[PDB]
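Printed here is data_20.cif (mmCIF, C-alpha atoms and all ligand atoms):
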```
data_model
loop_
_atom_site.label_atom_id
_atom_site.label_comp_id
_atom_site.auth_asym_id
_atom_site.auth_seq_id
_atom_site.Cartn_x
_atom_site.Cartn_y
_atom_site.Cartn_z
CA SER A 1009 -22.21 101.67 -137.17
CA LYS A 1010 -18.63 100.97 -135.94
CA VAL A 1011 -17.03 104.09 -134.43
CA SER A 1012 -14.06 105.67 -136.17
CA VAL A 1013 -10.92 105.45 -134.02
CA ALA A 1014 -7.56 107.15 -134.50
CA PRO A 1015 -4.66 106.93 -134.93
CA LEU A 1016 -4.52 103.61 -136.74
CA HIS A 1017 -0.73 103.52 -136.30
CA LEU A 1018 -1.54 102.08 -132.86
CA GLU A 1019 -2.07 98.79 -134.73
CA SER A 1020 1.48 98.74 -136.13
CA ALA A 1021 3.44 97.58 -133.08
CA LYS A 1022 4.08 93.84 -133.11
CA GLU A 1023 4.71 93.47 -129.31
CA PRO A 1024 2.81 95.00 -126.32
CA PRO A 1025 4.46 97.95 -124.57
CA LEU A 1026 5.94 97.01 -121.20
CA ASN A 1027 7.35 99.20 -118.43
CA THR A 1028 7.53 102.29 -120.63
CA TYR A 1029 7.45 104.34 -117.43
CA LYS A 1030 9.01 103.05 -114.24
CA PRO A 1031 8.28 103.98 -110.61
CA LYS A 1032 11.30 106.24 -110.13
CA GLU A 1033 10.26 108.43 -113.11
CA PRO A 1034 6.52 108.06 -113.67
CA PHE A 1035 4.54 109.78 -116.37
CA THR A 1036 2.53 112.70 -114.96
CA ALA A 1037 -0.90 112.16 -116.50
CA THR A 1038 -4.00 114.32 -116.06
CA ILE A 1039 -7.48 113.29 -114.96
CA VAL A 1040 -10.20 113.88 -117.54
CA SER A 1041 -13.20 112.67 -115.54
CA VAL A 1042 -14.30 110.56 -112.58
CA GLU A 1043 -17.83 109.17 -112.24
CA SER A 1044 -19.54 106.62 -110.05
CA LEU A 1045 -20.64 103.54 -111.98
CA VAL A 1046 -23.15 102.40 -109.35
CA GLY A 1047 -26.54 103.21 -107.89
CA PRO A 1048 -27.60 103.96 -104.33
CA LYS A 1049 -28.16 100.33 -103.27
CA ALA A 1050 -24.62 99.27 -104.21
CA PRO A 1051 -22.72 98.20 -101.06
CA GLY A 1052 -19.79 100.46 -102.01
CA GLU A 1053 -18.60 102.84 -104.72
CA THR A 1054 -16.95 101.73 -107.95
CA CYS A 1055 -15.70 104.65 -110.11
CA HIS A 1056 -14.77 105.03 -113.83
CA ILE A 1057 -11.56 107.10 -114.10
CA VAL A 1058 -10.52 108.62 -117.46
CA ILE A 1059 -6.83 109.57 -117.66
CA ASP A 1060 -5.09 111.65 -120.35
CA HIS A 1061 -1.68 110.07 -121.04
CA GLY A 1062 -1.16 112.22 -124.14
CA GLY A 1063 -0.29 109.20 -126.27
CA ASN A 1064 2.86 108.78 -124.15
CA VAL A 1065 1.70 105.61 -122.36
CA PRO A 1066 0.07 103.42 -125.02
CA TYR A 1067 -1.02 99.89 -124.18
CA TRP A 1068 -2.81 96.84 -125.52
CA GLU A 1069 -6.18 95.59 -124.35
CA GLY A 1070 -5.90 93.49 -121.20
CA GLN A 1071 -2.87 95.29 -119.76
CA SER A 1072 -2.66 97.20 -116.46
CA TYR A 1073 -1.49 100.68 -115.50
CA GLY A 1074 0.37 101.38 -112.30
CA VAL A 1075 -0.58 104.37 -110.17
CA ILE A 1076 1.62 105.81 -107.42
CA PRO A 1077 -0.63 107.64 -104.94
CA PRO A 1078 0.75 110.70 -103.15
CA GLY A 1079 2.53 110.70 -99.82
CA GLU A 1080 5.37 108.91 -98.09
CA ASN A 1081 5.59 105.13 -98.00
CA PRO A 1082 4.49 104.41 -94.36
CA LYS A 1083 6.96 101.46 -94.32
CA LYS A 1084 9.89 103.45 -95.75
CA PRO A 1085 10.68 107.06 -94.77
CA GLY A 1086 11.31 109.56 -97.58
CA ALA A 1087 10.35 106.95 -100.18
CA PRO A 1088 7.31 107.16 -102.49
CA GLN A 1089 4.27 104.98 -102.11
CA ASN A 1090 4.27 101.58 -103.78
CA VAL A 1091 2.61 101.19 -107.17
CA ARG A 1092 -0.95 99.90 -107.24
CA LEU A 1093 -1.97 98.11 -110.44
CA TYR A 1094 -5.32 98.64 -112.17
CA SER A 1095 -6.67 96.67 -115.11
CA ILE A 1096 -7.19 99.02 -118.02
CA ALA A 1097 -10.92 99.19 -118.81
CA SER A 1098 -10.52 100.94 -122.18
CA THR A 1099 -9.31 99.94 -125.61
CA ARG A 1100 -5.96 101.20 -126.87
CA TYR A 1101 -7.89 104.11 -128.46
CA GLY A 1102 -9.64 104.96 -125.20
CA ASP A 1103 -13.02 106.42 -124.43
CA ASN A 1104 -12.37 109.51 -126.62
CA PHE A 1105 -11.43 107.30 -129.63
CA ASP A 1106 -8.20 109.25 -130.06
CA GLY A 1107 -5.34 107.23 -128.56
CA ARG A 1108 -4.76 109.81 -125.80
CA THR A 1109 -6.72 108.47 -122.81
CA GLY A 1110 -7.13 105.29 -120.84
CA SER A 1111 -9.69 104.33 -118.22
CA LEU A 1112 -9.76 102.48 -114.92
CA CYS A 1113 -12.61 100.76 -113.05
CA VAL A 1114 -11.83 101.24 -109.36
CA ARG A 1115 -13.59 99.91 -106.28
CA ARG A 1116 -13.25 102.30 -103.35
CA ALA A 1117 -11.72 100.38 -100.43
CA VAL A 1118 -13.35 101.69 -97.23
CA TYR A 1119 -12.72 100.33 -93.73
CA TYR A 1120 -15.57 99.64 -91.30
CA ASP A 1121 -15.08 98.29 -87.81
CA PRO A 1122 -16.56 94.77 -87.91
CA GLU A 1123 -18.56 95.35 -84.70
CA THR A 1124 -19.59 99.04 -84.63
CA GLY A 1125 -19.41 99.96 -88.40
CA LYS A 1126 -17.20 102.96 -87.49
CA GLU A 1127 -14.87 104.21 -90.29
CA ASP A 1128 -11.17 105.30 -89.97
CA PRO A 1129 -9.47 107.36 -92.68
CA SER A 1130 -6.07 106.00 -91.82
CA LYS A 1131 -7.33 102.47 -92.69
CA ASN A 1132 -9.00 103.32 -96.03
CA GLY A 1133 -7.33 102.03 -99.21
CA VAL A 1134 -4.93 104.82 -100.25
CA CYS A 1135 -4.86 104.56 -104.05
CA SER A 1136 -8.49 103.53 -104.62
CA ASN A 1137 -9.79 106.49 -102.59
CA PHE A 1138 -7.23 108.80 -104.22
CA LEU A 1139 -8.52 107.80 -107.66
CA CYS A 1140 -12.23 107.88 -106.80
CA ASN A 1141 -11.75 111.31 -105.13
CA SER A 1142 -9.96 112.75 -108.19
CA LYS A 1143 -11.31 115.62 -110.26
CA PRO A 1144 -10.70 116.93 -113.78
CA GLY A 1145 -7.28 118.52 -114.04
CA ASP A 1146 -5.74 116.58 -111.14
CA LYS A 1147 -2.34 115.00 -111.81
CA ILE A 1148 -1.55 111.34 -111.32
CA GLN A 1149 1.78 109.50 -111.41
CA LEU A 1150 1.36 106.70 -114.02
CA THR A 1151 3.64 103.69 -114.57
CA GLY A 1152 3.70 100.74 -116.93
CA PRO A 1153 1.83 99.52 -118.75
CA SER A 1154 2.44 95.97 -117.65
CA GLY A 1155 1.06 92.48 -117.92
CA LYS A 1156 0.64 89.92 -120.65
CA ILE A 1157 -1.67 87.30 -119.10
CA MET A 1158 -4.85 88.98 -120.35
CA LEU A 1159 -3.76 90.00 -123.85
CA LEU A 1160 -6.48 89.14 -126.35
CA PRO A 1161 -5.54 86.25 -128.69
CA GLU A 1162 -6.28 87.75 -132.12
CA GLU A 1163 -4.71 85.08 -134.36
CA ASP A 1164 -8.19 83.64 -135.00
CA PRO A 1165 -10.66 86.52 -135.59
CA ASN A 1166 -13.46 83.92 -135.32
CA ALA A 1167 -12.33 82.52 -131.96
CA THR A 1168 -14.68 82.04 -129.03
CA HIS A 1169 -13.97 84.08 -125.88
CA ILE A 1170 -15.82 83.24 -122.65
CA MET A 1171 -15.29 86.11 -120.22
CA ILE A 1172 -15.94 85.50 -116.50
CA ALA A 1173 -15.93 88.67 -114.38
CA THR A 1174 -16.81 89.67 -110.86
CA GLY A 1175 -17.02 93.35 -109.98
CA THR A 1176 -14.09 95.38 -111.29
CA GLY A 1177 -12.88 92.26 -113.13
CA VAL A 1178 -15.17 93.41 -115.94
CA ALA A 1179 -12.43 95.93 -116.86
CA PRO A 1180 -10.41 93.98 -119.46
CA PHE A 1181 -13.62 92.70 -121.01
CA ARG A 1182 -14.96 96.22 -121.56
CA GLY A 1183 -11.81 96.76 -123.63
CA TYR A 1184 -12.05 93.42 -125.46
CA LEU A 1185 -15.69 93.98 -126.35
CA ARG A 1186 -15.25 97.53 -127.60
CA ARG A 1187 -12.46 96.29 -129.88
CA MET A 1188 -14.59 93.34 -131.03
CA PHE A 1189 -17.83 95.26 -131.62
CA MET A 1190 -17.73 99.01 -131.19
CA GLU A 1191 -14.58 100.37 -132.88
CA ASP A 1192 -13.72 100.43 -136.59
CA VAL A 1193 -10.49 98.42 -136.50
CA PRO A 1194 -9.94 97.27 -140.09
CA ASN A 1195 -7.26 94.70 -139.26
CA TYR A 1196 -9.38 92.94 -136.55
CA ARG A 1197 -12.87 91.98 -137.71
CA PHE A 1198 -14.32 89.72 -135.03
CA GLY A 1199 -16.72 87.07 -136.27
CA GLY A 1200 -16.66 84.57 -133.42
CA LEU A 1201 -18.61 84.33 -130.17
CA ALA A 1202 -17.92 86.57 -127.19
CA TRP A 1203 -19.79 85.54 -124.05
CA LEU A 1204 -19.66 87.76 -120.97
CA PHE A 1205 -20.65 86.50 -117.51
CA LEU A 1206 -20.78 89.16 -114.79
CA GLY A 1207 -21.36 88.57 -111.06
CA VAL A 1208 -22.09 91.58 -108.84
CA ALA A 1209 -23.95 92.08 -105.54
CA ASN A 1210 -27.05 93.65 -107.09
CA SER A 1211 -28.66 95.57 -109.95
CA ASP A 1212 -27.28 98.87 -108.61
CA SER A 1213 -23.79 97.34 -108.61
CA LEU A 1214 -23.83 96.55 -112.33
CA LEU A 1215 -20.98 98.06 -114.34
CA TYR A 1216 -21.38 99.28 -117.94
CA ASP A 1217 -24.63 97.30 -118.26
CA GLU A 1218 -26.11 99.57 -120.94
CA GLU A 1219 -23.02 99.12 -123.13
CA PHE A 1220 -23.13 95.32 -122.87
CA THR A 1221 -26.88 95.17 -123.41
CA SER A 1222 -26.42 97.26 -126.57
CA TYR A 1223 -24.12 94.60 -128.00
CA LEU A 1224 -26.93 92.02 -127.64
CA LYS A 1225 -29.02 94.12 -130.04
CA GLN A 1226 -26.18 95.02 -132.42
CA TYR A 1227 -24.44 91.63 -132.57
CA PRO A 1228 -27.07 89.05 -131.52
CA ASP A 1229 -25.24 86.24 -133.34
CA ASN A 1230 -21.79 87.07 -131.90
CA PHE A 1231 -22.39 88.22 -128.30
CA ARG A 1232 -24.04 86.64 -125.25
CA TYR A 1233 -24.37 88.23 -121.80
CA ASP A 1234 -25.43 86.70 -118.47
CA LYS A 1235 -25.53 88.33 -115.03
CA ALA A 1236 -25.54 87.02 -111.46
CA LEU A 1237 -26.86 89.37 -108.76
CA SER A 1238 -25.88 87.62 -105.53
CA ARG A 1239 -27.69 89.60 -102.82
CA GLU A 1240 -30.84 89.69 -104.99
CA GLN A 1241 -30.70 86.18 -106.47
CA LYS A 1242 -30.39 82.58 -105.18
CA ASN A 1243 -28.78 79.58 -106.95
CA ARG A 1244 -30.41 76.20 -107.67
CA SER A 1245 -28.99 74.89 -104.37
CA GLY A 1246 -29.92 78.07 -102.51
CA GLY A 1247 -26.52 79.65 -101.70
CA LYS A 1248 -26.25 83.29 -102.91
CA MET A 1249 -26.06 83.70 -106.71
CA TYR A 1250 -22.50 83.74 -107.86
CA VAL A 1251 -21.27 83.84 -111.44
CA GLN A 1252 -20.37 80.11 -111.17
CA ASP A 1253 -24.09 79.35 -110.83
CA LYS A 1254 -24.68 81.19 -114.11
CA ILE A 1255 -21.94 79.17 -115.86
CA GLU A 1256 -23.63 76.00 -114.61
CA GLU A 1257 -26.93 77.07 -116.20
CA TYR A 1258 -25.05 76.73 -119.52
CA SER A 1259 -22.90 73.71 -118.50
CA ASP A 1260 -23.31 71.77 -121.73
CA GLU A 1261 -22.89 74.72 -124.08
CA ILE A 1262 -19.81 75.93 -122.20
CA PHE A 1263 -18.06 72.56 -122.03
CA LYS A 1264 -18.77 72.01 -125.74
CA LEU A 1265 -17.25 75.42 -126.53
CA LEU A 1266 -14.15 74.66 -124.43
CA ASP A 1267 -13.74 71.33 -126.20
CA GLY A 1268 -14.00 73.25 -129.49
CA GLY A 1269 -11.08 75.53 -128.60
CA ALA A 1270 -12.72 78.47 -126.79
CA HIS A 1271 -10.63 80.78 -124.64
CA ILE A 1272 -11.91 81.34 -121.13
CA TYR A 1273 -10.91 84.30 -118.95
CA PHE A 1274 -11.33 85.09 -115.27
CA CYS A 1275 -10.87 88.50 -113.70
CA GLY A 1276 -11.78 90.14 -110.39
CA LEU A 1277 -11.13 89.43 -106.73
CA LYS A 1278 -9.25 86.19 -106.16
CA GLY A 1279 -12.04 84.98 -103.86
CA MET A 1280 -14.19 84.37 -106.97
CA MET A 1281 -12.03 81.34 -107.96
CA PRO A 1282 -12.72 78.63 -105.31
CA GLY A 1283 -16.45 78.60 -106.03
CA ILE A 1284 -15.79 78.54 -109.77
CA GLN A 1285 -13.41 75.59 -109.44
CA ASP A 1286 -15.93 73.75 -107.26
CA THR A 1287 -18.72 74.26 -109.80
CA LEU A 1288 -16.55 73.21 -112.74
CA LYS A 1289 -15.47 70.07 -110.87
CA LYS A 1290 -19.11 69.15 -110.17
CA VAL A 1291 -20.19 69.88 -113.75
CA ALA A 1292 -17.38 67.68 -115.07
CA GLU A 1293 -18.35 64.85 -112.65
CA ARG A 1294 -21.97 64.98 -113.79
CA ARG A 1295 -20.75 64.62 -117.38
CA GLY A 1296 -18.46 61.73 -116.43
CA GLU A 1297 -15.30 63.82 -117.00
CA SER A 1298 -12.33 64.66 -114.78
CA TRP A 1299 -12.06 68.40 -114.24
CA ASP A 1300 -8.38 67.99 -113.28
CA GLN A 1301 -7.77 66.35 -116.71
CA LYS A 1302 -9.81 69.01 -118.48
CA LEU A 1303 -8.07 71.94 -116.76
CA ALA A 1304 -4.63 70.46 -117.46
CA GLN A 1305 -5.57 70.24 -121.15
CA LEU A 1306 -6.97 73.80 -121.21
CA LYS A 1307 -3.74 75.12 -119.68
CA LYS A 1308 -1.56 73.08 -122.05
CA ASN A 1309 -3.62 74.42 -124.99
CA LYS A 1310 -3.29 78.05 -123.73
CA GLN A 1311 -7.06 78.42 -123.41
CA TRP A 1312 -7.13 79.36 -119.69
CA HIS A 1313 -6.49 82.99 -118.69
CA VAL A 1314 -6.71 84.18 -115.08
CA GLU A 1315 -5.90 87.56 -113.54
CA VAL A 1316 -7.35 87.87 -110.05
CA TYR A 1317 -6.33 90.07 -107.18
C1 LIG B 1401 -3.18 92.59 -111.89
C2 LIG B 1401 -3.96 93.48 -110.96
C3 LIG B 1401 -5.05 94.19 -111.46
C4 LIG B 1401 -5.86 94.92 -110.60
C5 LIG B 1401 -5.56 94.96 -109.23
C6 LIG B 1401 -4.46 94.26 -108.74
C7 LIG B 1401 -3.66 93.52 -109.60
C8 LIG B 1401 -2.53 92.71 -109.04
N1 LIG B 1401 -6.47 95.66 -108.35
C9 LIG B 1401 -6.12 95.86 -106.92
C10 LIG B 1401 -5.42 97.21 -106.74
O1 LIG B 1401 -4.09 97.18 -107.25
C11 LIG B 1401 -5.33 97.57 -105.25
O2 LIG B 1401 -4.77 96.50 -104.48
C12 LIG B 1401 -6.66 97.97 -104.62
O3 LIG B 1401 -7.22 99.04 -105.38
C13 LIG B 1401 -6.48 98.43 -103.19
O4 LIG B 1401 -5.44 99.44 -103.14
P1 LIG B 1401 -5.56 100.71 -102.13
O5 LIG B 1401 -4.34 101.52 -102.38
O6 LIG B 1401 -6.88 101.37 -102.17
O7 LIG B 1401 -5.42 99.99 -100.70
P2 LIG B 1401 -4.17 99.91 -99.69
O8 LIG B 1401 -3.11 99.10 -100.34
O9 LIG B 1401 -3.84 101.27 -99.22
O10 LIG B 1401 -4.79 99.03 -98.51
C14 LIG B 1401 -5.08 97.62 -98.76
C15 LIG B 1401 -6.31 97.21 -97.98
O11 LIG B 1401 -5.98 97.22 -96.58
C16 LIG B 1401 -6.96 97.93 -95.85
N2 LIG B 1401 -6.33 98.48 -94.64
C17 LIG B 1401 -5.35 99.43 -94.54
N3 LIG B 1401 -4.95 99.66 -93.30
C18 LIG B 1401 -5.73 98.79 -92.54
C19 LIG B 1401 -5.80 98.54 -91.15
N4 LIG B 1401 -4.96 99.04 -90.28
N5 LIG B 1401 -6.70 97.63 -90.71
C20 LIG B 1401 -7.47 97.01 -91.60
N6 LIG B 1401 -7.49 97.16 -92.94
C21 LIG B 1401 -6.59 98.06 -93.35
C22 LIG B 1401 -7.59 98.92 -96.83
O12 LIG B 1401 -8.97 99.21 -96.58
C23 LIG B 1401 -7.55 98.10 -98.14
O13 LIG B 1401 -8.72 97.30 -98.14
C24 LIG B 1401 -7.61 96.23 -108.89
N7 LIG B 1401 -8.50 96.89 -108.05
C25 LIG B 1401 -9.57 97.58 -108.52
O14 LIG B 1401 -10.40 98.07 -107.78
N8 LIG B 1401 -9.73 97.57 -109.87
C26 LIG B 1401 -8.95 96.87 -110.81
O15 LIG B 1401 -9.22 96.93 -112.01
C27 LIG B 1401 -7.87 96.20 -110.25
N9 LIG B 1401 -7.03 95.51 -111.08
#
```
Render the structure in this file as structure tokens.
Ligand SMILES: Cc1cc2c(cc1C)N(C[C@H](O)[C@H](O)[C@H](O)COP(=O)(O)OP(=O)(O)OC[C@H]1O[C@@H](n3cnc4c(N)ncnc43)[C@H](O)[C@@H]1O)c1[nH]c(=O)[nH]c(=O)c1N2
Amino acid sequence: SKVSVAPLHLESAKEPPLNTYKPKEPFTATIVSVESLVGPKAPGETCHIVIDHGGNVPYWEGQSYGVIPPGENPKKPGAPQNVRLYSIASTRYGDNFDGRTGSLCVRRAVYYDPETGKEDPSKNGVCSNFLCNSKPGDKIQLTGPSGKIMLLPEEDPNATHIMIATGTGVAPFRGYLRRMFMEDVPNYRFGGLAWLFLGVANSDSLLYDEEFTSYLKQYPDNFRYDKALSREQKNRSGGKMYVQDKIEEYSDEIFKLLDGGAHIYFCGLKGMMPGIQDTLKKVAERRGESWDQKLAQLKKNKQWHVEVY
């Protein structure tokens, strides 16, 4: 039941592509589709953007594309807008299984006055709205790809990968998990444990939930999946349910896996991290361990992978 992907020559490169296109001469890609990923109770829109790069801007899982939105740089007259980076949410083959498209998972940044709720177009996020407002056939200026922090370590096809996402931080993990489970990639046959933790505001804010739930039924011995819905759930202590609280529910299993060599990944808004560090410190203390010591070892061993923004 693994899906045929082409072209398999995408497996031949020994190093990830980097900076293939640069801001002064971007690649003009074409939008294939834009769809909302969220339901009516979600506090804001997050969109799935499919982009046809024609095979001209290949990438590895875990990398980012740059997008240059239209208009003048407000801080520099006559100059283009600055690049905004977006974690690629697709595998190298992309959602059409053909090596021609890549996908982004984009939260629409909308401004509301803190007192009156009143909006103001001039204070909306430029690139996120540009992307979420795009339609089939629209052109986008693409740069990159870039980034190496979130490349998937494939040396051990039976490794353990613990994936901690909030919101759009699910993006690299969608790509990892399709490569691990969905696509027929003969040179990478994953037989380890992939464990996805996802924190979002509510049920309607879930991203790609049907895809992840399907892996539980297809690969029950290789995939685990836990969700934290913060506005709809409460933690053991009674402060909104964050993803850290879900990690703590599996404290012993997770620490054992880390001690056994598991990779652990964090992606999403940088505000997710302080709570996670606090929980891990408390879990370590309860076990009689120093989290500082443990984290230093995880970093030295190249087990700790963070890309937050
Ligand atoms: C490695 C990496 C990977 C990613 C990302 C970053 C990095 C470093 N990001 C973030 C992304 O690059 C980008 O920063 C956001 O999409 C916001 O960009 P905009 O162009 O929409 O906002 P823009 O840069 O135009 O504005 C920034 C913020 O300022 C606000 N603002 C503007 N003017 C204001 C004013 N006068 N008063 C008050 N507020 C004002 C806007 O509302 C917005 O919230 C991301 N994002 C994402 O959604 N998905 C992803 O997968 C990723 N991945």
Please, which residues in chain A fall within 7 Å of ligand LIG 1401 (chain B) when counting only C-alpha atoms and all ligand atoms, and what is the closest atom pair and distance in Å to one decimal for each, ordered by chain then residue number, as a tab-separated table?
```
residue	atom	partner	partner_atom	distance
A:1072	CA	B:LIG1401	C3	6.3
A:1092	CA	B:LIG1401	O1	4.2
A:1093	CA	B:LIG1401	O1	3.9
A:1094	CA	B:LIG1401	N9	3.7
A:1095	CA	B:LIG1401	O15	4.0
A:1096	CA	B:LIG1401	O15	6.7
A:1112	CA	B:LIG1401	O15	6.3
A:1113	CA	B:LIG1401	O15	5.2
A:1114	CA	B:LIG1401	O14	3.8
A:1115	CA	B:LIG1401	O14	4.0
A:1116	CA	B:LIG1401	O6	6.5
A:1117	CA	B:LIG1401	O13	4.9
A:1118	CA	B:LIG1401	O12	5.1
A:1119	CA	B:LIG1401	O12	4.8
A:1130	CA	B:LIG1401	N3	6.6
A:1131	CA	B:LIG1401	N3	3.7
A:1132	CA	B:LIG1401	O12	4.1
A:1133	CA	B:LIG1401	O6	3.1
A:1134	CA	B:LIG1401	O9	3.9
A:1135	CA	B:LIG1401	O5	3.5
A:1136	CA	B:LIG1401	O6	3.6
A:1137	CA	B:LIG1401	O6	5.9
A:1176	CA	B:LIG1401	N8	5.1
A:1177	CA	B:LIG1401	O15	6.0
A:1179	CA	B:LIG1401	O15	5.9
A:1315	CA	B:LIG1401	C1	6.0
A:1316	CA	B:LIG1401	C1	6.6
A:1317	CA	B:LIG1401	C6	4.8
```
Determine, using only C-alpha atoms, which residues of region 1092-1178 of chain A have any atom at most 7 Å from an atom of region 1256-1270 of chain A, and tabulate each with its shortest atom pair and distance in Å to one decimal place, rows ordered by chain and then rising number, as CSV.
```
residue,atom,partner,partner_atom,distance
A:1167,CA,A:1270,CA,6.6
A:1168,CA,A:1270,CA,4.6
A:1169,CA,A:1270,CA,5.8
```
What does the file look like for those residues with C-alpha atoms, as a PDB file, in the coordinates of the input?
```pdb
ATOM      1  CA  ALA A1167     -12.330  82.520-131.960  1.00  0.00           C
ATOM      2  CA  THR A1168     -14.680  82.040-129.030  1.00  0.00           C
ATOM      3  CA  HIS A1169     -13.970  84.080-125.880  1.00  0.00           C
TER       4      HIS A1169
END
```
Exercise for review: Compare A:1303, A:1026, A:1284, A:1206 by their minimum atom-to-atom distance to residue 1235 (chain A), counting all atoms listed in the file, and give me the closest one.
Suggested key: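 Closest to residue 1235 (chain A) of all the choices is A:1206.
Take the candidates A:1146, A:1300, A:1234, A:1240 and check each one against residue 1252 (chain A) using all atoms listed in the file; the shortest distance goes to A:1234.
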Point to revise | Surrounding residues of residue 1024 (chain A) excluding itself and chain neighbours under 4 positions, 10 Å, only C-alpha atoms, as an MDAnalysis selection string | key: chainID A and resid 1066:1069 1071 1153:1156 1159
Check your understanding: Skipping near chain neighbours, those fewer than 2 positions away, what residues fall within 9 Å of residue 1148 (chain A) using only C-alpha atoms, listed as a list in words?
Key -> residues 1035, 1036, 1037, 1038, 1039, 1059, 1075, 1076, 1077, 1078, 1139, 1146 and 1150 of chain A
Exercise for review: Counting only C-alpha atoms, figure out which residue out of A:1308, A:1271, A:1100, A:1032 gets nearest to residue 1164 (chain A).
Suggested key: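 That would be A:1271, the residue with the smallest distance to residue 1164 (chain A).
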Point to revise | Among listed residues A:1210, A:1287, A:1142, A:1044, nearest residue 1245 (chain A) (using all atoms listed in the file) | key: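 Smallest distance to residue 1245 (chain A) is found for A:1287.
Atom pair CA of residue 1175 (chain A) / CA of residue 1250 (chain A): separated by 11.3 Å.
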Review point. CA of residue 1307 (chain A) to CA of residue 1161 (chain A): how many Å, to one decimal?
Key: 14.4 Å
Review point. Which is closest to residue 1052 (chain A) among A:1272, A:1149, A:1140, A:1196, if we use all atoms listed in the file?
Key: A:1140
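Distance-wise, CA of residue 1244 (chain A) and CA of residue 1276 (chain A) end up 23.4 Å apart.
Each of A:1201, A:1050, A:1018, A:1170 was compared to residue 1106 (chain A) using all atoms listed in the file, and A:1018 turns out to be the nearest.
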Could you work out an axis-aligned bounding box for all listed atoms of region 1212-1227 of chain A, with 5 Å added on each of the six sides, and give its centre and edge lengths in Å to one decimal, as AutoDock Vina command-line options?
```
--center_x -25.0 --center_y 95.6 --center_z -120.6 --size_x 18.0 --size_y 17.9 --size_z 34.0
```
